[PDB]
Amino acid sequence: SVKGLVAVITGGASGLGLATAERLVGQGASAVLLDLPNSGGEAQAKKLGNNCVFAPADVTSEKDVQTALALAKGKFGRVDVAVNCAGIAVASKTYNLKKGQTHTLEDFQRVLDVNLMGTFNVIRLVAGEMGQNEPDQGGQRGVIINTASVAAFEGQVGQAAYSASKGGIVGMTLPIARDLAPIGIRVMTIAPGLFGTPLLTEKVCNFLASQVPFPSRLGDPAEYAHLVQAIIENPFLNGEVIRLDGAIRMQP
Amino acid sequence: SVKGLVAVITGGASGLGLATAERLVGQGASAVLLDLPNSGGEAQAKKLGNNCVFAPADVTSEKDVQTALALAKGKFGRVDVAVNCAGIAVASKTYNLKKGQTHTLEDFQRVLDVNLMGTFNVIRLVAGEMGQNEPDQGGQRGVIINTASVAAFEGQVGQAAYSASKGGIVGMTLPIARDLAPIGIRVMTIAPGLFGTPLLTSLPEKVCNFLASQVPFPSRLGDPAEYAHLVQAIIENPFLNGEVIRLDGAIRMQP
Amino acid sequence: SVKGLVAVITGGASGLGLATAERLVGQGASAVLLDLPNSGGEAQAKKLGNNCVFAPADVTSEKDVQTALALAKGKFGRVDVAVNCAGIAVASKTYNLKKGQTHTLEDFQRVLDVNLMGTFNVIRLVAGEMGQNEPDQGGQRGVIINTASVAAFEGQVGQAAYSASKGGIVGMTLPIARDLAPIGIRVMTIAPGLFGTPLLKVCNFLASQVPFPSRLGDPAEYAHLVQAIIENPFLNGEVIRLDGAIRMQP
Amino acid sequence: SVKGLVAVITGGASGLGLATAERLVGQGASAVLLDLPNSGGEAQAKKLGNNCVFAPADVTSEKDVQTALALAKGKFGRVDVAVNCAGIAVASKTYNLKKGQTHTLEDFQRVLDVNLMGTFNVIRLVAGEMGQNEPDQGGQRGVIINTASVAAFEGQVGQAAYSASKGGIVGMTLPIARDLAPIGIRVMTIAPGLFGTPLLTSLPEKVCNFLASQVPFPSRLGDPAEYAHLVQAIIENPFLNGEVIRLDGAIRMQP
Amino acid sequence: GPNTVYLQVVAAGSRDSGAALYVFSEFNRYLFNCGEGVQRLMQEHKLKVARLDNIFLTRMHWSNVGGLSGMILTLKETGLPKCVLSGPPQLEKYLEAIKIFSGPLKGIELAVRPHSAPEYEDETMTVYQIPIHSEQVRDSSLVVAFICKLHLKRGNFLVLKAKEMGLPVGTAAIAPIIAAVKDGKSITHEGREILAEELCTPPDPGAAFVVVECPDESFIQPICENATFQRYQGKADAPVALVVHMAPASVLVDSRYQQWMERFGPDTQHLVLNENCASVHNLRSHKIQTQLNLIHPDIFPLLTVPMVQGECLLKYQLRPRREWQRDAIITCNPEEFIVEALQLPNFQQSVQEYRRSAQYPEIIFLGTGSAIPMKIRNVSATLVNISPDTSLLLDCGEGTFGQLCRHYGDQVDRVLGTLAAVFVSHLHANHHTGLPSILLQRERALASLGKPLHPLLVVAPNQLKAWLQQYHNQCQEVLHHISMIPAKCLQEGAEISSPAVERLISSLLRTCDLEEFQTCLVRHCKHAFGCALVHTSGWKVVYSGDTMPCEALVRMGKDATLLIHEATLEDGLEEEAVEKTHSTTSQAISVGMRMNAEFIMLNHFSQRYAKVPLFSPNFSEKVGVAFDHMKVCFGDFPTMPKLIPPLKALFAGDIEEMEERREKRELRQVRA
Amino acid sequence: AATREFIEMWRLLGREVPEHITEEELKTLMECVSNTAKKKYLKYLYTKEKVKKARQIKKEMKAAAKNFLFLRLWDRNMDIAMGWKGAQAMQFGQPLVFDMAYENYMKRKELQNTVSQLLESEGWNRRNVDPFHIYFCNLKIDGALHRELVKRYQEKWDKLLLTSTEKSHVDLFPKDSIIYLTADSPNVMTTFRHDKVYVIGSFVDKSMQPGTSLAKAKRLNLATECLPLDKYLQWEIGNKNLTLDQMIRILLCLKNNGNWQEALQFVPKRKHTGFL
RNA sequence: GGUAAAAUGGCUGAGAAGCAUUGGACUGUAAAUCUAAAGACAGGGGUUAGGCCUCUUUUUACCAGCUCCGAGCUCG
Ligand SMILES: [Zn+2]
Ligand SMILES: [Zn+2]
């Protein structure tokens with residue numbers, strides 16, 4: 001069960017991160033929101049109750065994550081679940097011959113810094129906090145869940161920067177799982193498809209929802225939260241990328 | 001939730017199939033065991049209670065599956081979940097130059113007939129029963145879950161016949177999901193690693209300890225109860241479709 | 001190089017199999033066509049010259065393959081390359097609720113018997129012939145190349161039977177490569193996309209759906225990839241998608 | 001054929017990059033070496049003849065690549081092939097509980113900057129030069145070949161930084177192929193396994209004989225000449241696009 | 001000095017073995033009274049001769065020097081550079097007579113130490129020779145007695161003294177201490193000990209033993225009156241530990257002799273070898289004969305004042321301590337032997353099959369050995385019983401009488417009376433050396449049986465005359481017992497050399513009742529002769545001896561009833577047989593078949609063969625084989641082939657071992 | 001305990017005796033009835049102390065003394081790879097049988113040496129490219145050999161990739177496919193056969209009693225063979241019996257397509273003048 | 001069946017010592033290490049100050065004994 005567990009959710013002030021926070025707190029767990037101060041996460045933390053605490057920090061900055069982790073340890077005393085639902089996206093073709101446009105290097109670096117560099121920055125820091133926990137009778141110390149979109153396998157036109165960042169997370173999920181296996185930490189990656197997040201939200205949405213084989217609708221963030229809970233409860237789930245897409249194969 | 005659901009589990013008299021049956025019945029659902037009569041599945045059906053009915057049938061035979069499906073419809077009135085946990089395995093090298101031995105064609109055909117041909121035979125028949133269900137408010141008519149071992153991606157020496165059958169299930173899970181998408185049936189495949197099934201405990205004891213130690217985390221053989229938990233999660237989640245999930249433990253198999 | 005090599009090509013009387021036979025014979029190698037007698041493969045064997053011999057046999061039958069392999073050994077003395085380009089395809093939905101139709105089991109079994117069972121039947125038999133060859137100075141005894149369509153990863157509606165057979169070949173290519181590694185046999189699989197074979201308004205639309213080049217596959221290009229695999233000694237246990245970056249839709 | 005083609009090879013002063021340069025120049029093509037000035041690439045350029053020109057540039061810097069590309073255009077007039085064989089590697093565990101050590105962020109950023117950021121920096125710039133070429137009668141304007149190690153699928157202990165960079169290249173090879181499809185540029189990725197590049201032929205012998213023994217067939221380290229042969233095959237074949245090819249030898253890496 | 005010294009009784013004085021001792025020491029070995037058959041007995045019981053420096057002979061008599069020639073040719077083949085003999089001064093003349101029939105023996109060196117020579121001392125023992133002359137250059141009344149005194153040994157330093165002495169332990173300072181304490185001294189400056197008695201073992205004084213030979217009552221008084229004996233007997237100077245007595249029991253019961261032994265002191269032991277011993281000397285011979293008797297009893301008949309009677313392998317330590325060791329005493333039990341024979345894998349069924357299937361002259365094969373005596377086969381010898389009252393000996397090898405005595409037991413005296421003539425074929429050793437033993441025993445048997453001493457008839461080459469003449473003149477009177485006939489005078493084309501020779505051969509024909517006697521020159525060596533006997537009954541027996549396939553023998557022995565032929569080697573080494581002038585198995589078979597004899601017998605088997613020869617498919621119903629102490633009659637010819645399976649079963653392991661060795665030799669030859 | 005002085009004084013004399021002594025070995029010392037046995041036992045203890053003390057000084061002498069692709073974690077990786085190869089060999093490898101029926105004929109000293117050779121033989125098989133499937137037949141539980149084996153291997157005994165059983169070779173394989181290798185066999189081994197099962201007697205036999213293995217094989221009517229040592233090399237000095245480690249290395253070379261002139265390289269050079 | 005020489009049970013020696021072997025270590029690139037285990041010169045005996053004396057086994061070499069003197073194929 002997830003009763004009494006303490007979880008740290010990056011970017012949990014909106015989108016997929018908030019949905020997992022709502023479910024875990026409702027099930028009886030405690031959550032810490034880790035997202036930029038401009039997102040107004042303190043309003044969501046107050047709404048969810050006394051079990052939710054907003055920690056203003058930036059994933060790309062080492063100092064901010066360490067400060068937020070110390071706040072979580074001070075408030076609750078331990079960290080058991082780490083969910084990385086933070087990440088930005090950009091849309092720009094690599095090269096447009098007709099328009100004479102070339103992809104800017106700053107845009108590629110900025111996306112890589114948040115999606116990939118930020119995710120690894122969090123993982124390497126929470127594990128240090130996560131390593132001090134007394135082993136569970138099953139030998140487990142905690143669960144770390146990442147989020148890389150389905151673009152890591154099938155990118156679209158102009159989705160080169162997004163696919164590269166998401167592709168790195170999928171590739172690196174196995175070495176990290178092997179890295180933390182002796183200390184007893186499980187690392188998993190979820191591959192959501194088209195989800196009703198603010199990042200995705202009119203004619204395009206209806207067409208994209210119709211392109212999903214079944215169900216022919218956009219993803220529900222509540223369903224994403226359900227999959228996260230299933231991974232936490234199952235002790236044999238490790239080192240896999242799960243496509244929460246709906247059997248949709250993306251076209252150019 | 002899975003309360004009130006009716007499920008048909010192939011090969012549910014032992015191994016992974018029984019574990020899912022125990023969990024689903026315990027959660028309040030109804031299950032039908034579909035396994036060969038020699039497995040003594042009627043004893044398990046009596047143990048699980050009045051919500052479990054043993055249907056003696058052979059997956060490779062069209063007539064037996066149709067008879068069992070009619071029994072399930074007569075007893076409960078509907079079919080909502082189909083789980084394929086039945087399958088045999090063989091170990092034989094493709095060609096042994098030193099011993100002058102060649103893989104027999106009958107062994108390859110027999111494994112293919114049960115693991116791959118049997119699975120497709122069940123799927124095409126339950127869907128006809130599954131198609132008559134009134135659509136759920138979410139548009140779903142039912143869930144079909146398959147089981148193909150991790151050998152479909154990383155086979156071992158002498159595991160050519162097993163990998164070919166399991167590999168076909170992984171490859172065909174996507175066309176079937178697209179086939180049944182308009183009628184509202186979700187098709188999924190689970191890839192268990194090393195699990196404490198009777199099919200695995202036949203190996204000598206030293207091998208089991210070594211194989212359990214080779215799993216990164218947890219360093220132990222798979223628990224069939226954990227496999228049942230994953231099946232329940234797939235049923236509850238409505239957005240899970242057309243994916244192969246490796247319930248292995250981050251273990252990569254060596255030659 | 002491929003000069004002086006002897007190759008056995010299943011289903012080489014037409015389609016992809018003939019294209020590889022034309023290239024290998026032209027490069028100076030010797031080829032043996034293994035396809036059903038009704039395909040008229042003897043005409044192609046006569047056309048290609050004295051280095052090509054037609055062997056009428058059925059892949060699904062153990063006796064026919066053994067007879068053809070003996071003919072190849074008698075004619076040339078050795079077997080170095082085995083290419084499996086034979087296979088049939090069917091199109092039928094798993095279940096049609098509106099029409100009340102269900103996929104027939106015989107159609108599924110027939111496709112599985114030729115595409116998957118036939119391929120493994122050939123592989124297990126040629127390796128016995130292939131095992132008697134003296135090891136090359138690089139340690140290699142020969143190369144075995146399979147053919148499984150891209151449906152093994154991304155099938156279409158009604159392509160359930162085809163994907164299952166092709167999916168098995170992709171899955172089994174790794175255990176076989178590990179099986180024959182000590183004796184020195186390399187096993188590879190090629191995943192052609194949409195190719196201008198006899199098996200394939202629809203054609204224009206399908207050709208336009210390929211990102212680049214926006215045209216149907218050329219069997220000559222498939223033959224070129226086969227030659228590259230034979231020459232390269234470090235290529236083993238991989239599935240290569242000769243498709244053109246095309247991702248198939250439902 | 002590759003006769004008369006002009007190719008730009010990143011990091012071609014040593015390792016895999018030099019091997020492709022030797023083969024392409026020998027076949028009659030023209031090559032431009034793009035590697036850091038401290039590698040002494042001018043010696044290799046002089047050795048290969050008048051068809052090879054050394055261009056000192058850094059992949060991570062936009063200005064250096066643009067200067068080198070202008071030099072290649074001035075010397076030869078066109079660019080047809082772009083091969084990315086440049087990249088560094090680091091070995092450090094994510095977290096060592098016993099030693100109390102944590103992976104440094106600078107090491108992760110430095111590896112990502114060269115392997116992944118550097119590769120994309122080159123690709124986006126050569127395509128602008130590559131786009132001005134008159135289309136071939138087959139519609140092709142040129143070929144771009146990347147190099148990502150097999151760690152992108154199966155990383156080892158302490159190979160987290162290397163796998164993340166190589167994993168990004170594998171993931172991004174498909175969107176780039178779709179991006180440049182209308183203009184007629186083919187993008188491919190090669191996944192070399194354990195090749196006898198200068199770096200790996202420097203480890204102590206016992207080690208070199210283990211790694212090499214773990215390869216199923218051939219039981220030896222990779223030969224950079226074989227890597228050059230695969231590159232030539234990709235250039236000649238016009239239907240090869242959007243695929244990752246594992247030039248490893250059926251070796252599956254263990255923790 | 002040596003740390004252990006003990007005696008051993010090789011032969012216990014029995015009539016068929018004589019008496020002999022064996023002194024063993026770490027530095028030297030000694031032998032006493034090397035009689036006939038001593039070489040065979042010592043070899044059987046694994047007594048090494050490598051360092052046999054000295055041999056002591058107590059009396060110039062054939063009962064003590066009979067086996068001297070065999071020991072000499074053996075030590076030589078052993079590689080000993082020099083051997084020294086001690087005893088009567090007649091040994092020098094005896095050694096000269098040995099060279100008559102043997103070679104010069106250049107290899108080994110011989111030395112003689114007579115009693116008149118100065119005393120001899122060794123690294124372990126000092127020996128004194130006591131010449132004794134009986135009451136009332138050949139000398140027939142001289143007997144030498146030996147008194148051996150051991151060297152005084154030091155005492156070990158008490159190593160536990162290191163806890164009290166001031167000497168630096170584990171250093172070189174022990175060497176002057178060792179030179180002091182072992183000699184009775186002590187370095188008092190290292191402490192207070194002035195003498196070794198405080199820290200060293202008491203040195204052991206030398207213990208002496210005396211060997212006394214008293215062949216008859218005439219020597220009793222000279223032994224008693226000897227002053228040198230009184231020096232050790234009536235004194236406390238190292239009382240003699242043990243006295244070995246080799247004298248007949250009639251001498252022992254004499255009061256003067258009884259008082260002589262008792263004067264040596266109460267602690268002195270007394271060991272007696274006086275022909276009253278009851279101990280089996282040839283265990284292996286008894287084992288084989290008992291086993292073969294289980295097959296056919298008739299063909300293989302069965303054989304036959306405090307003091308301590310001697311036994312075989314009896315020991316007595318002298319240097320470590322002084323005890324009657326008695327640990328290797330031989331034990332003869334026929335029940336164990338038959339149990340081992342019955343438990344053989346194929347012996348029981350084979351003898352069962354043979355048994356369920358179911359007169360003069362008779363032949364007894366005393367010995368069937370070629371060159372050296374062995375555990376199972378003695379040197380060549382053959383006895384023929386023409387009539388119940390007459391007999392003929394076909395060859396007299398070394399120790400022949402010993403085998404004869406064992407075969408007949410108490411009946412030997414009667415048998416010797418029936419001995420009419422002895423034939424000697426070619427003058428090699430081990431073919432004639434046993435003759436003096438037979439003559440002396442024959443004289444004793446005739447005296448015991450109460451018969452006139454008529455000289456025996458001997459047919460032998462004239463070269464044998466010189467050998468016996470020199471021995472008779474120099475050492476001991478023999479020639480007055482025989483009337484020798486030259487072998488050449490009995491040839492088919494021979495001529496009467498002298499009327500006395502004609503008278504003797506006529507006497508031989510009358511005595512043996514033979515119709516005719518013939519000899520021929522076989523191709524073995526210079527003056528090598530065969531023989532043939534024809535009886536008035538009509539049966540003819542032909543003896544070949546050492547030879548090669550020859551035509552004169554075939555012509556002379558035509559239509560023989562029974563043929564005895566040499567079978568030294570097999571077909572494998574026919575080249576060696578030609579080089580060594582011997583015949584092979586098939587060669588003998590071919591010669592016999594060509595001669596057309598009713599039955600064929602083989603003997604003179606080589607030392608290469610251990611127990612049985614190779615049974616080639618050429619072995620027909622006429623070809624037989626010979627073993628020691630077997631009896632063959634004319635009615636047993638059909639039975640002999642039937643015995644082949646049981647003999648194969650009784651010797652399955654060794655013939656397999658012999659076949660394996662031959663196969664390995666052939667493989668080595670091919671691979672060479 | 002009189003042993004105390006018996007020795008201390010010999011230690012003062014320095015007559016090749018141990019510097020110290022423990023209780024358990026002291027009881028074994030008084031369980032030796034012959035002074036030669038005690039002298040040999042004391043010398044065995046004496047040389048044990050000297051080599052232990054001499055090797056300690058080597059530690060004192062030793063005390064006087066970027067971009068990477070991998071981490072120095074290699075002893076683990078080699079062990080894991082050898083484990084994977086052994087696991088496969090336990091299913092498809094050619095069986096090899098070590099017969100432990102010679103426990104009665106071995107004294108304590110030879111029993112320890114048998115275990116040491118068995119440890120070496122197993123290690124060489126593990127490192128081979130194509131290992132055997134080592135069987136431990138007639139291994140009686142709680143026996144002298146079994147107790148020694150679990151002591152040396154400690155916890156590794158339960159994880160070694162080999163089949164140990166109390167049954168016999170005949171009870172596990174058909175009698176036709178069994179060949180009992182021995183030096184006394186009349187048949188000469190010509191070529192290695194991959195379809196046969198070879199039995200190696202776990203024997204040392206310093207006090208030579210030849211024919212023990214041959215008698216055991218002939219008792220069950222098993223085929224026997226003897227390596228063709230003489231045919232390929234010229235023998236000079238030494239018994240033709242070979243150690244277990246040498247035998248398994250010879251078989252491994254033959255199993256891997258090697259020729260006789262290459263397999264016999266493991267015979268000690270102190271017996272064969274050279275090849276023919 | 002005998003004669004002589006020899007015998008290193010992981011391998012070479014020396015007559016001490018190296019190359020090796022087994023269990024353990026998550027090694028920061030000398031782990032090229034640390035630590036634990038096993039170190040019996042064919043096997044028995046004796047003695048012994050070593051070192052020798054002996055028994056047995058194995059391996060490799062090796063295994064008949066016509067003497068005289070003059071006639072000079074016979075004569076003593
Ligand atoms: Zn003779
Ligand atoms: Zn002779």
# chains A, B, ... in the order shown; residues from 1 in each chain; ligands from 1
$ select_by_dssp --residues "segment 83-182 of chain B" --states "strand (DSSP E)" --output "PyMOL selection string"
chain B and resi 83-84+95-96+101-102+142-147
$ residues_near_ligand --ligand "ligand 2" --cutoff "12 Å" --atoms "only C-alpha atoms (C1' of nucleotides) and all ligand atoms" --output "VMD selection string"
(chain E and resid 101 to 102 369 to 371 379 to 380 395 397 424 to 432 522 to 530 544 to 548 566 568 577 580 to 583 604 to 606) or (chain G and resid 64 to 66)
$ residues_around --residues "residue 188 of chain D" --least-positions-apart "2" --cutoff "9 Å" --atoms "only C-alpha atoms (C1' of nucleotides)" --output "short mmCIF file (atom, residue, chain, number, x, y, z; two decimals) with N, CA, C and O atoms, in the first residue's frame"
data_model
loop_
_atom_site.label_atom_id
_atom_site.label_comp_id
_atom_site.auth_asym_id
_atom_site.auth_seq_id
_atom_site.Cartn_x
_atom_site.Cartn_y
_atom_site.Cartn_z
N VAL D 143 23.77 12.09 -47.54
CA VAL D 143 23.59 11.12 -46.46
C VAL D 143 24.27 11.65 -45.21
O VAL D 143 25.38 12.18 -45.28
N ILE D 144 23.59 11.52 -44.07
CA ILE D 144 24.14 11.88 -42.77
C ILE D 144 24.13 10.62 -41.90
O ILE D 144 23.08 10.00 -41.73
N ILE D 145 25.29 10.27 -41.35
CA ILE D 145 25.45 9.06 -40.55
C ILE D 145 25.93 9.46 -39.16
O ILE D 145 26.92 10.19 -39.03
N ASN D 146 25.23 8.99 -38.13
CA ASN D 146 25.60 9.23 -36.74
C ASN D 146 26.20 7.97 -36.13
O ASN D 146 26.17 6.89 -36.72
N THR D 147 26.74 8.12 -34.92
CA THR D 147 27.33 7.01 -34.19
C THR D 147 26.93 7.09 -32.72
O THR D 147 27.35 8.01 -32.01
N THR D 173 17.09 10.25 -34.07
CA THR D 173 17.41 9.94 -35.46
C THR D 173 16.16 9.86 -36.32
O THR D 173 16.21 10.11 -37.53
N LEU D 174 15.02 9.52 -35.72
CA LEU D 174 13.78 9.43 -36.49
C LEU D 174 13.18 10.80 -36.78
O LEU D 174 12.82 11.05 -37.94
N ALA D 177 15.21 12.41 -39.54
CA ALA D 177 14.96 11.79 -40.84
C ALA D 177 13.65 12.27 -41.43
O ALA D 177 13.56 12.53 -42.64
N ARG D 186 19.10 11.67 -46.14
CA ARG D 186 18.93 10.44 -45.39
C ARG D 186 19.77 10.49 -44.12
O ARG D 186 20.96 10.82 -44.17
N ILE D 190 24.56 4.30 -36.51
CA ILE D 190 25.25 3.02 -36.36
C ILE D 190 25.58 2.83 -34.89
O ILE D 190 25.99 3.77 -34.21
N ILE D 234 25.93 1.99 -46.35
CA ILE D 234 24.80 2.89 -46.12
C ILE D 234 24.74 3.96 -47.20
O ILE D 234 23.67 4.31 -47.70
N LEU D 240 18.04 2.96 -47.34
CA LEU D 240 18.37 2.86 -45.93
C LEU D 240 18.17 4.22 -45.28
O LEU D 240 18.87 5.18 -45.60
N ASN D 241 17.20 4.30 -44.36
CA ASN D 241 16.87 5.57 -43.72
C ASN D 241 16.19 5.31 -42.39
O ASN D 241 15.36 4.40 -42.28
N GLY D 242 16.53 6.11 -41.38
CA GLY D 242 15.83 6.08 -40.11
C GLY D 242 15.93 4.78 -39.34
O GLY D 242 14.93 4.29 -38.80
N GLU D 243 17.13 4.19 -39.28
CA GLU D 243 17.34 2.94 -38.56
C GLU D 243 18.62 3.03 -37.75
O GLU D 243 19.57 3.72 -38.12
N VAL D 244 18.63 2.34 -36.61
CA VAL D 244 19.83 2.15 -35.81
C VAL D 244 20.32 0.73 -36.02
O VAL D 244 19.58 -0.24 -35.78
N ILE D 245 21.56 0.59 -36.47
CA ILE D 245 22.16 -0.70 -36.79
C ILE D 245 23.23 -1.00 -35.76
O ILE D 245 24.16 -0.19 -35.57
#
$ residues_around --residues "residue 75 of chain B" --least-positions-apart "3" --cutoff "12 Å" --atoms "only C-alpha atoms (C1' of nucleotides)" --output "ChimeraX atom specification"
/B:6-7,30-32,50-55,68-72,78-79
$ residues_around --residues "segment 37-47 of chain G" --least-positions-apart "2" --cutoff "7 Å" --atoms "only C-alpha atoms (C1' of nucleotides)" --output "list in words"
residues 44, 48, 152, 206 and 207 of chain F; 7 and 8 of chain G
$ atom_distance --atom1 "atom CA of residue 387 of chain E" --atom2 "atom CA of residue 36 of chain E"
29.3 Å
$ select_by_dssp --residues "segment 33-250 of chain C" --states "helix (DSSP H, G or I)" --output "MDAnalysis selection string"
chainID C and resid 37:39 41:48 62:76 105:130 150:152 160:180 202:209 219:231
$ residues_around --residues "residue 17 of chain C" --least-positions-apart "2" --cutoff "9 Å" --atoms "only C-alpha atoms (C1' of nucleotides)" --output "JSON, numbers by chain"
{"C": [9, 10, 11, 12, 13, 14, 15, 19, 20, 21, 22, 33, 83, 84, 85, 86, 219, 223]}
$ write_last_selection --atoms "N, CA, C and O atoms" --output "CSV table (one decimal), in the first residue's frame"
chain,number,residue,atom,x,y,z
C,9,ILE,N,19.0,-19.9,-51.9
C,9,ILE,CA,18.0,-18.9,-51.7
C,9,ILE,C,16.6,-19.6,-51.8
C,9,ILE,O,16.3,-20.2,-52.9
C,10,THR,N,15.9,-19.5,-50.7
C,10,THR,CA,14.5,-20.0,-50.7
C,10,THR,C,13.6,-19.0,-51.4
C,10,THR,O,13.6,-17.8,-51.1
C,11,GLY,N,12.7,-19.6,-52.2
C,11,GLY,CA,11.8,-18.7,-53.0
C,11,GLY,C,12.5,-17.7,-53.9
C,11,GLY,O,12.0,-16.6,-54.0
C,12,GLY,N,13.5,-18.2,-54.6
C,12,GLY,CA,14.3,-17.3,-55.4
C,12,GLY,C,13.8,-17.3,-56.9
C,12,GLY,O,14.6,-16.8,-57.8
C,13,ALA,N,12.7,-17.8,-57.2
C,13,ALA,CA,12.1,-17.8,-58.5
C,13,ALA,C,11.4,-16.5,-58.9
C,13,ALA,O,11.1,-16.3,-60.0
C,14,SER,N,11.1,-15.7,-57.9
C,14,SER,CA,10.4,-14.4,-58.1
C,14,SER,C,10.6,-13.6,-56.8
C,14,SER,O,11.0,-14.1,-55.8
C,15,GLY,N,10.2,-12.3,-57.0
C,15,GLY,CA,10.3,-11.4,-55.8
C,15,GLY,C,11.7,-11.1,-55.4
C,15,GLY,O,12.6,-11.0,-56.2
C,19,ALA,N,16.0,-11.3,-57.0
C,19,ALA,CA,16.9,-10.2,-57.1
C,19,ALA,C,18.3,-10.4,-56.5
C,19,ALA,O,19.3,-10.1,-57.0
C,20,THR,N,18.3,-11.1,-55.3
C,20,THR,CA,19.5,-11.5,-54.7
C,20,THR,C,20.3,-12.5,-55.6
C,20,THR,O,21.5,-12.4,-55.7
C,21,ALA,N,19.6,-13.4,-56.2
C,21,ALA,CA,20.2,-14.4,-57.0
C,21,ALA,C,20.9,-13.8,-58.2
C,21,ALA,O,22.0,-14.1,-58.6
C,22,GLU,N,20.2,-12.8,-58.8
C,22,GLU,CA,20.8,-12.1,-60.0
C,22,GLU,C,22.1,-11.4,-59.6
C,22,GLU,O,23.1,-11.4,-60.3
C,33,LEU,N,18.3,-22.1,-56.5
C,33,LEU,CA,17.0,-21.6,-56.3
C,33,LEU,C,16.1,-22.7,-55.6
C,33,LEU,O,16.1,-23.8,-56.1
C,83,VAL,N,19.7,-17.8,-47.7
C,83,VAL,CA,18.8,-16.6,-47.7
C,83,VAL,C,17.4,-17.1,-47.7
C,83,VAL,O,17.0,-17.9,-48.6
C,84,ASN,N,16.5,-16.7,-46.8
C,84,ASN,CA,15.1,-17.1,-46.7
C,84,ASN,C,14.3,-15.9,-47.2
C,84,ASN,O,14.0,-15.0,-46.4
C,85,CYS,N,13.9,-15.9,-48.4
C,85,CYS,CA,13.0,-14.9,-49.0
C,85,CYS,C,11.7,-15.5,-49.4
C,85,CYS,O,10.9,-14.8,-50.1
C,86,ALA,N,11.3,-16.7,-48.9
C,86,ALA,CA,10.0,-17.3,-49.2
C,86,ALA,C,9.0,-17.0,-48.1
C,86,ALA,O,9.4,-17.0,-46.9
C,219,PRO,N,13.7,-4.1,-55.5
C,219,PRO,CA,14.3,-5.4,-55.0
C,219,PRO,C,15.8,-5.4,-55.3
C,219,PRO,O,16.5,-6.2,-54.6
C,223,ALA,N,18.9,-6.7,-52.6
C,223,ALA,CA,20.0,-7.5,-52.9
C,223,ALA,C,21.3,-6.9,-52.5
C,223,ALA,O,22.2,-7.6,-52.0
$ residues_around --residues "segment 107-116 of chain E" --least-positions-apart "5" --cutoff "9 Å" --atoms "only C-alpha atoms (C1' of nucleotides)" --output "list in words"
residues 72, 73, 75, 76, 77, 79, 80, 81, 82, 83, 84, 85, 86, 87, 88, 89, 90, 91, 92, 95, 128, 129, 130, 131 and 144 of chain E
$ interface_residues --of "chain G" --to "chain D" --cutoff "10 Å" --atoms "only C-alpha atoms (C1' of nucleotides)" --output "ChimeraX atom specification"
/G:26,28-29
